[PDB]
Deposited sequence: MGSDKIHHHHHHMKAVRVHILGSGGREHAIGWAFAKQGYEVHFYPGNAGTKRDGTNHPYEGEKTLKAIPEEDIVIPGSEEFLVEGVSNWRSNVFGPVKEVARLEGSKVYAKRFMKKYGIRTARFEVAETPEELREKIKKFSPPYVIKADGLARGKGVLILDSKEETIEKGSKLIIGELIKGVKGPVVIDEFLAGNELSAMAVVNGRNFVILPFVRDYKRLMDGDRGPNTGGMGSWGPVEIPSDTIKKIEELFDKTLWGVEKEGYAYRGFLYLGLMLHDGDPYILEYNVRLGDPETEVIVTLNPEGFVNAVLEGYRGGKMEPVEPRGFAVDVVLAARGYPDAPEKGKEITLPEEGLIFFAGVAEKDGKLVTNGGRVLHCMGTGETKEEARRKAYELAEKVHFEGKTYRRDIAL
C-alpha cells in the first residue's frame, strides 16, 4: 500500500504526486515543505530509515544508490550503479558489450593526460571518473586549457571532492538527447522523450545547471527509437552477463551523430526536471509501469497525453551560490512541484538552487507553454530567476 521516496527535489515530489494521485500512501525522506501536500515527510537516516520499512516500494533518485539497494528499493545494486558512478567503468563496459559510444582513452595521471590527449582533435572532452554533481565533464576548445584543467581534475584541484582518472572522449558533432526507461532485468519501457534546458540563461547562455526547464513529449523518428531500444537491450544484456539484474530507472544521455545514437553517459535514475514533465504527461502510466517493474510483472507502454512544460524558478545566484531564505508567494492554484523550499516563521522560504517547478499542460506545446508561464508570473520570491526561453 505504501510508497517511500528518498529525496527532496521536484523529481521526488513529482513521483510522490503521481502515486498519491493513484491513492497510495506516500512517504518522503526528507521531502520539503511542498511534499506535505501529497504525503508525509520524514527525516532520512540511512540504513535506520530503510531497515524499518517493510516490503512495499522504496523509490530512490540520487547517489543514495552507491549503497541503498534491500530488495525493497527499486533501483540497482552498487555494482550496477558503477555504470553512473565510474565513467571509466562505463566506457569499458560499453566497449565489452558493443554499445555504441565515442572513442576514448583513460588518463589516471596528468602525465597520461599529456600523452593521451594527442590522440584527439581540438574540441576536447574530459570527464571525471567519479560523481562531480554533474560538474565534471569538461568540453574545451584548446589543448593547453584541457591539460591545465584536466590535470587539476585528476589531482583533485579542479572540483573539490573529485579526484582520480579521467575519460578522454572523442567529441561527437550532433544533437544531444536523453532516453529514460523503467527497467526489470531485461524488460524495459521507454518513457516519453523530453527536451531539457541545461544552461541558466536564454539562448543557452550562462553556466550549466541541473536543468532550467523541459517540455514534452518530443517526437523521435521510429528508426532512431529502434536504435535507442537496441542500446537499452545491449546495456541490459551486459548487466546480466556481469551477473547482476538491473531494477529501476535507467537514463541514457545520448548524442545523435551521423544517423546513430551514441551513449554519452548512463544515469541510474530519472532526470530533474525531466521527471516532472514525464509524470505530468501520464501519472497513471508512470505509476503502473513502476509497480509492474517492481513487482516483476509485465510493464505496459507509457503513452503521453498532451504536452507538458516545466518552467523552473531558481534562486538568484544559482548555480554557483544560490541565495536562500527569501519568502515565496504562491497562487491559489496551479501544478507546482517543489524542490528548494523550506518552512520558516510560518512561511514558505527558498532553500535550494532550484525552488519551484511551474507546470503548464495542454493539447499543444504552445498551450502547455503559456499555462506554465502564466503560473510562473503568479509565483514570487525575491531574485526569482527563470528562462522565458522554454518550449
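**Student:** Extract from the deposited sequence all ranges with no corresponding C-alpha coordinates, numbering residues from 1.
**Tutor:** Several regions go unmodelled: 1-15, 85-89, 412.
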